[PDB]
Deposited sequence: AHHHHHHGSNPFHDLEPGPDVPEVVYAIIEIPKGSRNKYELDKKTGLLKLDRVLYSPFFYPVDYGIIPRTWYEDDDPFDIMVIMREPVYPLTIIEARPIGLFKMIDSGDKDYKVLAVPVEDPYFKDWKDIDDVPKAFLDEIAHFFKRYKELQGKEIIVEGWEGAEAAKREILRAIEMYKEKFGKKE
């Protein structure tokens, strides 16, 4: 499994690895299976929405009983199971069915388009809104309730990554 076999990053928490599961623009929700290391179709979203970001996980992280999720803003979406060196710039805070389900927002290190993106204030506000709204509504036809706490900055993101990396060490 890229989850188990890779280190969290080449320079955590400044640069992490993101293992991409879902390319920006997919209505199919793919997940990396931790045991087999293969891509699985978790579900087809019940509504005609698409993932607004390249969506994945950081290797060797464990969060709150799952890998820590990362959203990577890519101009051209990558293929599932691509590794991206990503810079954390933000932290999305939502709770899904009582459980905290925070997500890191990151930019690709090797796309110079995002070179001056270093914190949440560098992101177009309507983009942060479109992400929050996606997670607020995407499971509404499945009867789930997601509460969205909002966003925090890069420093918070990076704390939470270091925290999830040690939680992985405790569990494995």
Open item on the list: Should a student be asked to find the unmodelled regions, what ranges of the deposited sequence would be the right answer here?
Closed with: 1-9, 74, 183-186
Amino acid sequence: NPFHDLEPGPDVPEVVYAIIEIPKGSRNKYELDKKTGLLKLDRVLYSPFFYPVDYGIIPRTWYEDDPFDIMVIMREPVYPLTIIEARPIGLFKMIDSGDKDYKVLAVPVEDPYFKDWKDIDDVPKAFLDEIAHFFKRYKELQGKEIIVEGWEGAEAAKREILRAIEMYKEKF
From here on, numbers count along this sequence of modelled residues.
Task: Mean Cα B-factor comparison, 119-127 or 24-32, giving the higher one as deposited - done: 119-127
Task: Comparing 107-115 with 138-146, the one whose average Cα B-factor in the PDB entry is higher - done: 138-146
TODO: Choose from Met74, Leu81, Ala86, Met94 the residue with the greatest Cα B-factor as stated in the PDB record.
DONE: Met94
Task: Assigned third (lowest, middle, highest) for the C-alpha B factor of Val12 - done: highest
Task: B-factor third for the C-alpha atom of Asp42 within its chain - done: middle
- [ ] For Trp62, return the chain-relative third of its C-alpha B-factor as stated in the PDB record: lowest, middle or highest.
- [x] highest
